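First comes the structure, then the notes that go with it.
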Amino acid sequence: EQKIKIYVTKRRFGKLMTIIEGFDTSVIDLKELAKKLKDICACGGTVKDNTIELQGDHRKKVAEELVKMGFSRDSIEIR
């Protein structure tokens, strides 16, 4: 059971980020995923530990792209 969580966060003194977590890092390369997602959202981003952080609110965009890429619709939750 892979469980993908997509949500928005704003750290203290920060700007709104979109966070994506729950991928199996031994099978999925987050660096390449992030690069692909950054093109979809046209924003900056990085792999932060075992998560991807994107600048701005792109929850729906990301979720839809992940489905396009073959990830289960039912494995993804937007919060």
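Order determines the names: the first chain of the structure tokens is A, the second B, and so forth; residues in each chain are numbered 1 upward, and ligands are numbered 1 upward as they are shown.
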Review point. Counting only C-alpha atoms, what is within 12 Å of residue 29 (chain A), bar same-chain residues fewer than 5 positions away, as a list in words?
Key: residues 23, 24, 34, 35, 36, 47, 50, 51 and 52 of chain A
Using C-alpha atoms, can you write the selected residues to a file as a PDB file, in the first residue's frame?
```pdb
ATOM      1  CA  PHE A  23       6.551   7.476  -2.646  1.00  0.00           C
ATOM      2  CA  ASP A  24       8.738   4.386  -2.303  1.00  0.00           C
ATOM      3  CA  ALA A  34      10.419  16.531  -9.241  1.00  0.00           C
ATOM      4  CA  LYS A  35      11.912  17.722 -12.513  1.00  0.00           C
ATOM      5  CA  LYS A  36       8.793  16.502 -14.329  1.00  0.00           C
ATOM      6  CA  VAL A  47      13.621  16.971  -3.225  1.00  0.00           C
ATOM      7  CA  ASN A  50      11.840  11.733   0.975  1.00  0.00           C
ATOM      8  CA  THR A  51       9.438  14.414  -0.258  1.00  0.00           C
ATOM      9  CA  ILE A  52       9.112  16.890  -3.125  1.00  0.00           C
TER      10      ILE A  52
END
```
Practice item. For region 59-72 of chain A, work out the shell of residues within 9 Å, counting only C-alpha atoms and skipping chain neighbours fewer than 6 positions away, then give it as an MDAnalysis selection string. Key: chainID A and resid 6:8 18:20 37 40:41 78:79
Review point. Can you tell me how far CA of residue 17 (chain A) sits from CA of residue 74 (chain A), in Å to one decimal?
Key: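 So the answer is 23.2 Å.
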Check your understanding: Hey, can you check how far CA of residue 76 (chain A) sits from CA of residue 12 (chain A)?
Key ->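 Pair CA of residue 76 (chain A) / CA of residue 12 (chain A) returns 26.8 Å.
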Exercise for review: Mind checking which residues fall within 6 Å of residue 4 (chain A), counting only C-alpha atoms, ignoring those fewer than 4 positions away in the same chain, and posting them as a list in words?
Suggested key: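 After dropping sequence-adjacent residues, the list is residues 21, 22, 75 and 76 of chain A.
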**Study point:** Closest of A:10, A:77, A:2, A:27 to residue 54 (chain A) - atom-to-atom distances counting only C-alpha atoms
**Key:**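 Closest to residue 54 (chain A) of all the choices is A:10.
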